[PDB]
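Peer 1: Starting from these lines, generate the structure:
(chains A, B, C, D, E, F, G, H and I, ligands or ions: 1)
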Amino acid sequence: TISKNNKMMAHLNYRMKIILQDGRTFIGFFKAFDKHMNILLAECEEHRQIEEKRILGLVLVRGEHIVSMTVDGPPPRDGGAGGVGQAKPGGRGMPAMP
Amino acid sequence: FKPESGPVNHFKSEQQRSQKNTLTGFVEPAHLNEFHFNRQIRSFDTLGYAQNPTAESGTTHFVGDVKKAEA
Amino acid sequence: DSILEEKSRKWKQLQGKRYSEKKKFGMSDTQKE
Amino acid sequence: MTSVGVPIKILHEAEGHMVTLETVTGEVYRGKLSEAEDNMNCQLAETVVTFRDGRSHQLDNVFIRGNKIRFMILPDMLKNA
Amino acid sequence: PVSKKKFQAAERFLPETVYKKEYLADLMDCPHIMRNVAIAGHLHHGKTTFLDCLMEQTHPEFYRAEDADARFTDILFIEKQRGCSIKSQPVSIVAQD
Amino acid sequence: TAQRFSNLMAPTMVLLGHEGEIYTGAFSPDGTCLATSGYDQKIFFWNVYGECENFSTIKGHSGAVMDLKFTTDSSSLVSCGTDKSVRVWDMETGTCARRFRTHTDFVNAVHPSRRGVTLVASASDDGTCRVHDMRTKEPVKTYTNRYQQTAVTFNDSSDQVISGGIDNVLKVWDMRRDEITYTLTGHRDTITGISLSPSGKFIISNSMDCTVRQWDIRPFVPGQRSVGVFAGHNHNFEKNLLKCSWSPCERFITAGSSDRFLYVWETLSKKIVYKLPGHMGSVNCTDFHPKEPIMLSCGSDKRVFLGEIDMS
Amino acid sequence: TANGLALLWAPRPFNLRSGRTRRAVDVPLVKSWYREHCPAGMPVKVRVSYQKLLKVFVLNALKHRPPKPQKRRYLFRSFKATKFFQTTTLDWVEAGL
Amino acid sequence: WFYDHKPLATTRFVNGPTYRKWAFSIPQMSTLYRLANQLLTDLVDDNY
RNA sequence: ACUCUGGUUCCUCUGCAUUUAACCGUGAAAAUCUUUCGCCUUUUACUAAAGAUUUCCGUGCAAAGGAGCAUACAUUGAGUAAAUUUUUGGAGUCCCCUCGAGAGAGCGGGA
Ligand SMILES: Nc1nc2c(ncn2[C@@H]2O[C@H](COP(=O)(O)OP(=O)(O)OP(=O)(O)O)[C@@H](O)[C@H]2O)c(=O)[nH]1
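Peer 2: Numbering: from 1, shown residues only, chains lettered A, B, ... in the order given. This is the structure:
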């Protein structure tokens, strides 16, 4: 997935659920990573087992503490050139017959 | 299409009754597959027969020395 | 079937010559050499 | 510099601003990241430390060793950077 | 009616920049980063052409001719014709150390 | 004042912009758009409504385009041409999602699978009927005939491929057997087009003998499958592969005609009731808008006609 | 290097090294001479002629009008396109005669 | 090559027989600069 | 892993070359209208300046198609391949007190 460039560029910006070694669950839009497997989560939230949700900001997680992560939700989401022809209204000219 | 009802003149027979627009004829623009139109000249000229240009050709698919067309 | 062999041959020539790369659209701006 | 990864670049853009970081021992430090390093050592100023029991105290300067930081909450404008 | 009063260049649109405008406008909230500067010179030392290099780096679309200085901060037409700078003009840009 | 029947801006429209002889044209199943192409190789997209402006045009073909069909979900357009290639165009991107290239001679006719995996039946002047799959470079099936094939369709279940050709008789192949299960016999000249009924019970097939013949392709029929014959249209010396199409209500059938007239037939009586002038040359293709009584016709006169009708 | 440095302040075109090519009618070989000034010693006739050539140059530059963007009227291509014209390579005295 | 009709036109120094672009070295440019001399000005012009 | 294309040169077609300080042209013609000086037993052709407009000799780039000369599949637009303190070679397990059926948490204590 990651590092395979054709694949890695598509796995960024997924909403991913991150599990840390202290047992925390973070959730956020995973949109940068590092060779040390640090990860940067945009619009992050945390879930703590007991479940309770807290809203965080842009959260940088030091890679050393990640256990695992999984996809939670899709990235957010949203030819075109021509004009050669024209299409005035018209009518049907009657041809000849035998 | 439904035809005009009633008799037809005895005054003006087989040349004059036909559909026309210019002084002799119905003239209308046409477009064809140039290459195939070129083929059909060359067959009539060299051979004596051609495949019938008309719309609604009916059974008259070929026009020429029909003995050659069938043979 | 021999007539279909002939018809196959005729069709090959006709479509070959009709579509032929020497005749496609956008062609014969012929150079005055 | 050499091409260090994007999370470390974003950490240096975070130097202007307030950041909130949690250490491996559990204390939460909020303060203004005055220097950061590519090993992610952090120097905070005007710091408030919040202990794991919820007590808090002010600290004028804090140095945290990079490998003892669990995560940092960075400011939102860095998402534009 | 369309009086040709034009005495200065004014750009018909916001030009492209490497930085987002939103990051510039957000950084404005943070004086612990931003700097203010004036560039001051004898006549026809580097000063205007040097800012054209800062323009060229941040903008990409910024055309500099191979023959002559673009002098983006010399917007007035008297300054274009005289080519000395005649009035101050300000720039604001995001740039990396 | 006069009766109106569609959201067209006028009860007929003349679309100008083509320079090549237009050999094919089809509506998007959503009814928003139509696409048309031929010897110009450029595929022109048109809006169905308002000014019907030519909002998009796709190049990329370099041999003239024989036939062109939308996928059922309207996500992609499948088209094939005399560049021996089958090209699938993504409608949002306007780009070639797949360029199938295993044909050895001109590809003339194409039909996408209605549901399930997207499959493209194709028939060619090499005599092979081939079914491609979006997921593989190699085709799934190649069925080889001794004589050139110039029409193709799936059945509705997308498990029988019907191909017609120079033989006049029809090689209909069943994709679990890889055998001809039956042949349909009545055509005296080559088959210029085949179109599957909306319900899938029937096909119409058009042939150079100047008849359209309606065939029952349901699994059981107790006798001859010939349901009826339609006549009135004509095929000229151009020997074009004049197409055919069904009305989405099945009550009406159309075929291209060399006499410039847009023919419509009533399915049961085989009589004509629409004979619409206005073209100046061979009407190579005709189709119905899938939701509204608009007729599309594409002709050798470089013009595309849209018009509305009283489908009764 | 010594020659390359000297070229940097050669008069145009010699300060270039890569250029688009120009028509022989457009290279105005003597024009720098009348632009710069009369030599102190040259008599009445030549001094007056320098002023008159400057006048022509100043009127040419003053009136100008930039060229219109247009479809170029290629007219010899329009002749060559028709059947009536043929092309051949010829010796200028033959072509002149 | 100096007195050829279209000099260099069939060579890497000019784009081709249309004869629309050129790119001379310095050994070439300094030589023809030196030959041109009798026609050229002396000036570092703009202030004069 | 995918579609995507041979170099070079030349011809012809199409589009744009208005934000002019300024310049498609580091060169420089002619005509028309309107207006102002001088020739004249008449008109043109003129003198020499302004403003508005055309014509003409050229021009730039991009894209498309084709045609010729020497010939090669890679590669463009779309995307791969380091155990000694700060991450990628374990300061980890277990055993008590607290809340609680349950299983986790307390800068909890300890081997
Ligand atoms: N030789 C050389 N000339 C330069 C260089 N940089 C600028 N100049 C020239 O010096 C002149 C003035 O440059 P500007 O950018 O207008 O200088 P300026 O000081 O901003 O002008 P003012 O501020 O009005 O005084 C121009 O002719 C430039 O070409 C340089 O690096 N080398």
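Peer 1: got the contact list for residue 27?
Peer 2: Picked chain A for this. By CB atoms under 8 Å, 6 or more residues apart in numbering or on different chains, residue A:27 lies in contact with A:15, A:16, A:17, A:18, A:41, A:44, A:45, A:46, A:47, A:72. (C-beta placed from N, C-alpha, C; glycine too.)
Peer 1: Oops, wrong one, chain E.
Peer 2: D:16, D:77, E:33, E:34, E:94.
Peer 1: and the next element down the chain from the helix or strand containing residue A:26?
Peer 2: Per DSSP states H and E, residue A:26 falls inside strand A:25-33. Downstream of strand A:25-33, the first helix or strand assigned by DSSP H and E is strand A:39-48.
Peer 1: and that following strand with chain D, contact?
Peer 2: Yes - counting by CB under 8 Å from any CB of the partner chain, chain D has neighbours in strand A:39-48: A:39, A:40, A:42, A:44.
Peer 1: Of the contacts of residue E:27 - the most surrounded one?
Peer 2: residue D:77 (22 neighbours; other CB atoms under 10 Å in any protein chain shown).
Peer 1: Next, see if stretch F:269-282 gets close to chain A.
Peer 2: Yes - judged by CB under 8 Å from any CB, stretch F:269-282 comes into contact with chain A through F:276, F:277, F:278, F:280.
Peer 1: Do I have it right that the second one meets residue F:260?
Peer 2: Yes - in this structure, residue F:277 sits in contact with residue F:260. The criterion is CB atoms under 8 Å, and the distance is 6.6 Å.
Peer 1: How about the contacts made by residue D:67?
Peer 2: A:62, A:64, D:39, D:40.
Peer 1: Grab the two from these that are most spread out in space.
Peer 2: A:64 and D:39 (11.7 Å; CB to CB).
Peer 1: Between these two, which has more neighbouring residues?
Peer 2: Neighbour count, other CB under 10 Å: between residue A:64 and residue D:39, residue A:64 has more, with 16 against 10.
Peer 1: Make sure the more buried one is indeed in a strand.
Peer 2: No - read with DSSP: H, G, I helix; E, B strand; the rest coil, residue A:64 is helix and lies in no strand.
Peer 1: That one - nearest residue in space that isn't next to it in sequence?
Peer 2: residue D:67 (6.9 Å; CB to CB, 6 or more residues apart in numbering or on different chains).
Peer 1: just to revisit the earlier point, restricted to strands, list the residues of stretch F:269-282 next to chain A.
Peer 2: residue F:276 (DSSP state E).
Peer 1: Return the member of the residues of stretch F:269-282 next to chain A nearest to chain B.
Peer 2: residue F:280 (5.3 Å; CB to the nearest CB).
Peer 1: Could you report the distance from the closest residue to the closest one other than its chain neighbours to chain G?
Peer 2: Closest residue to residue F:280 apart from its sequence neighbours, by CB to CB, 6+ apart: residue F:301 at 4.0 Å. Counting by CB to the nearest CB, to the nearest Å, the gap from residue F:301 to chain G is 27 Å.
Peer 1: is chain G contacted by stretch E:2-17?
Peer 2: No - applying CB under 8 Å from any CB, one finds stretch E:2-17 separated from chain G by no less than 15.8 Å.
Peer 1: ok, the spatially closest residue to residue H:40 that is not a sequence neighbour - contacts?
Peer 2: Residue nearest to residue H:40 in three dimensions, not counting chain neighbours: residue G:11, with 5.3 Å by CB to CB, 6+ apart. Going by CB under 8 Å, 6+ apart, residue G:11 touches G:32, H:40, H:41, H:43, H:45.
Peer 1: List the contacts of the fourth one.
Peer 2: Right, the one you point to is residue H:43. Here residue H:43 is in contact with G:11, G:36 (CB under 8 Å, 6+ apart).
Peer 1: Just say helix, strand or coil for it.
Peer 2: Going by three-state DSSP: residue H:43 is coil.
Peer 1: and whichever residue of chain A sits closest to chain B, how far is that from residue B:33?
Peer 2: Using CB to the nearest CB, the single residue of chain A nearest to chain B is residue A:96, 3.7 Å away. The gap separating residue A:96 from residue B:33 is 20 Å, by CB to CB, to the nearest Å.
Peer 1: that older thread, thought residue B:29 was touching the residue of chain A closest to chain B, still the case?
Peer 2: No - counting by CB under 8 Å, residue A:96 stays clear of residue B:29, with 11.9 Å between them.
Peer 1: just to revisit the earlier point, between residue F:277 and residue F:260, which has more neighbouring residues?
Peer 2: Ranked by neighbour count (other CB under 10 Å), residue F:277 and residue F:260 place residue F:260 first, with 24 against 14.
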